[PDB]
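To begin, one chain is listed below as C-alpha cells, in the form deposited in one PDB entry.
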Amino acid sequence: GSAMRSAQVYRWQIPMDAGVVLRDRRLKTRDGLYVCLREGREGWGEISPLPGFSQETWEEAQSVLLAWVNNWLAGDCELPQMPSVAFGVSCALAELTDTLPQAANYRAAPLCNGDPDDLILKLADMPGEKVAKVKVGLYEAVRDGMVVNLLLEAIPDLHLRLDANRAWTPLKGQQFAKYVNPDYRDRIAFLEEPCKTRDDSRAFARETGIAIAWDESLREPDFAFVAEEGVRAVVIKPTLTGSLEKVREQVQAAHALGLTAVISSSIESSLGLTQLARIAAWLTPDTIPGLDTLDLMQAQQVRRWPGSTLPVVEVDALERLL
C-alpha cells in the first residue's frame, strides 16, 4: 500500500569482445548506467550514451541522471532532455506504471558477414521470415553489388537490409547497383544511408529503384520526417533519440508516411536491449528490430535476453551510486 519513493543508480562497464569497431574506431568496453525507481512497484532503465554518436558523455549523463532522480524522489517532475537519460528514465517510469508492454518475441535481424557461400548456407536454413542485415561500403562497390546479387539470387525469399553508413559517392552507388539484378532489387528491404550526402542518397534511391532508409540523418538538426520517393524506412535508435514518448512519436510519424520504422540498438547492455525488443514488439509489431549486438559483449547484466548463453552479472555485483 506504500506510495513511498526510492531509487538506485548503478554504474558499470561491460567488456566487449575483442575487435569491436564503431565508425572505424575500436571499442574496448561499454560504459553505462542503470536506474531503478521504486514506488511502494519497481521500474528500470538504461542510460548509456554511445561514444562517437551521443553528444553527451557517460559522465555527463550520470550527473544529469543523478539530479533527475534527486527530483523524482520528491514527486513528479519534467523529463530530462539529454537523450540517453531521457530514454532510460522514461523506460523506468513506464515500467513503474506497467505501460511498457511485455513481449513474446526477443528477436533481431542477424548481422551477417564473411564468406558469401557460407552465408548462403546459413540463410538457407532460416525459419520463418528471412531477413538479414549486411554491411556495405567497406569493400569496393563492385564486390558489394556482386555479393548482394549472389545472396539474392541464391535465396528467392531472402530480404536484405543493407547499411552503407554514408560511404558512397553517386558513382560508387551506381557501381554497386549495376551488379544487382533489377529483378531482385525489391528484395533489398532497404539500404541505409547510401551516400555521403542526403541529396545524393535521395538521387540514388530515385534513380536505381533501390529503397533507402535514414539512420544517422534522424539525429541531425533540422531533420523532418517526410515522404520522399525511394525512401522506405527510418532507423530509430532510442538511446540516441530521447524519451520513449519521443520514440513512439517518431514511429507514428514514419507510419503516417507509409514508412517502415525499425527500432535499433545503440549497443546497450542486455537490460536496455530487452527493453528495445519490447518497444519493437509493441510499436513496430511487423518489423523485426535491429538488435543484433548482444553478441559483441562479454556478459549480460540484470536482465537476460532469452536464449542467450552469455554469463550474467547480478545487480549485487554492480557499483551503486545511491
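Superpose the two forms; the largest set of C-alphas matching within 1.5 Å is the rigid core. The first residue of the shown sequence is 1; numbering continues from there.
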Task: residue 40 to residue 41: deposited residues without atomic coordinates - done: 1 to 3
Task: Between 293-301 and 54-62 (mean CA B-factor, as deposited), the higher - done: 54-62
Task: 254-262 versus 23-31 - which carries the larger mean C-alpha B factor in the record - done: 23-31
- [ ] Could you check 245, 222, 215, 140 and tell me which one carries the biggest Cα B-factor in the deposited entry?
- [x] 140
Task: Per the PDB entry, maximal CA B factor within 144, 192, 153, 186 - done: 186
- [ ] State the tercile, meaning the lowest, middle or highest third, of residue 240 with respect to the CA B-factors recorded for its chain.
- [x] middle
Open item on the list: Please place residue 132 in the lowest, middle or highest third of its chain according to the CA B-factor in the PDB entry.
Closed with: middle
Open item on the list: Please place residue 170 in the lowest, middle or highest third of its chain according to the CA B-factor in the PDB entry.
Closed with: lowest
Task: Within-chain third of residue 182 by Cα B-factor, per the entry - done: lowest
- [ ] Name the third of the chain's ranked CA B-factors that contains residue 117, choosing lowest, middle or highest.
- [x] lowest
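A second form of this protein, the form deposited in another entry, is not displayed here; the remarks below concern that form.
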- [ ] Overlay on the rigid core first, then point out the one of 247, 141, 93, 109 whose CA is displaced 2 Å or more between the shown form and the other one.
- [x] 141
Task: residue 228 C-alpha shift between the shown form and the other one of 2 Å or more, rigid core reference - done: no
Open item on the list: At a 2 Å cut-off on C-alpha positions, does residue 189 qualify as shifted between the shown form and the other one after fitting the rigid core?
Closed with: no
- [ ] Verify the C-alpha shift of residue 79 between the shown form and the other one: is it 2 Å or more after superposing the core?
- [x] no
